Amino acid sequence: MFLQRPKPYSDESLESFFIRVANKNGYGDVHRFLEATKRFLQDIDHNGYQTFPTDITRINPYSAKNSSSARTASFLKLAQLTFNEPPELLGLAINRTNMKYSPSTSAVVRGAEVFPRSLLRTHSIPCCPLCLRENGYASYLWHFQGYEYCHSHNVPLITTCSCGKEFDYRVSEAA
RNA sequence: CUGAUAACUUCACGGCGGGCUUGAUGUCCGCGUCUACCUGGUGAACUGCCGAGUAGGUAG
């Protein structure tokens with residue numbers, strides 16, 4: 001109950017929304033609040049709590065074959081009665097759709113926009129600091145957006161970016 | 001359009017007498033049934049009042 005001051009702005013792929021509510025009040029990673037959400041889904045007046053995920057990934061509402069209709073219903077009351085001033089939460093969800101293209105590639109709706117195929121990277125992506133955080137990575141071609149020369153693969157020592165290993169995917173002119 | 005055409009078989013009645021199936025008998029020996037199993041009431045018919053009362057009544 002009462003997640004204090006949902007702040008955020010647009011242009012986000014919903015994964016740092018749980019990270020920004022993780023860095024407040026003093027909490028480790030997202031396994032606690034993520035269990036306390038699915039515990040609250042296991043609490044009063046709910047029917048579909050069993051399939052709400054467990055890990056860093058898979059908060060995505062197309063990662064299950066048939067919990068897609070359960071994930072949005074999970075995401076319905078995950079904004080209303082748990083936030084003062086319930087924010088723009090719904091619509092950030094990268095869903096799936098019924099549309100296709102002509103070369104038989106699966107269409108995928110974010111809030112109004114369609115990616116070419118639901119394959120693009122899904123793993124081992126670059127990342128740049130000093131925002132919170134992006135909408136456009138884990139895709140084929142979205143690199144810099146104004147400030148350039150920022151690939152940031154972490155061959156040197158641990159904890160270069162100051163976030164706390166939540167999103168932080170790093171392992172050890174016409175563009 | 002028939003081996004064609006027609007056609008009363010009827011009346012009467014005592015089966016009876018007698019009678020010992022018997023004697024004897026050993027069905028026995030042996031025996032591993034077992035392994036694995038979800039029945040599924042969400043919150044849902046809630047709170048008083050009189051009477052000594054696990055009886056009885058009485059409210060919205």
# chains A, B, ... in the order shown; residues from 1 in each chain; ligands from 1
$ interface_residues --of "chain A" --to "chain B" --cutoff "10 Å" --atoms "only C-alpha atoms (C1' of nucleotides)" --output "list in words"
residues 44, 45, 46 and 47 of chain A
$ select_by_dssp --residues "chain A" --states "strand (DSSP E or B)" --output "ChimeraX atom specification"
/A:3,83,100,106,108-109,114-115
$ select_by_dssp --residues "range 31-108 of chain A" --states "alpha helix (DSSP H)" --output "list in words"
residues 31, 32, 33, 34, 35, 36, 37, 38, 39, 40, 41, 42, 68, 69, 70, 71, 72, 73, 74, 75 and 76 of chain A
$ atom_distance --atom1 "CA of residue 166 in chain A" --atom2 "CA of residue 8 in chain A"
17.0 Å
$ residues_around --residues "range 20-23 of chain A" --least-positions-apart "6" --cutoff "12 Å" --atoms "only C-alpha atoms (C1' of nucleotides)" --output "ChimeraX atom specification"
/A:2-9,12,14,29-34,82-83,131-133,162-167
$ atom_distance --atom1 "CA of residue 108 in chain A" --atom2 "CA of residue 70 in chain A"
17.7 Å
$ atom_distance --atom1 "CA of residue 129 in chain A" --atom2 "CA of residue 152 in chain A"
8.9 Å
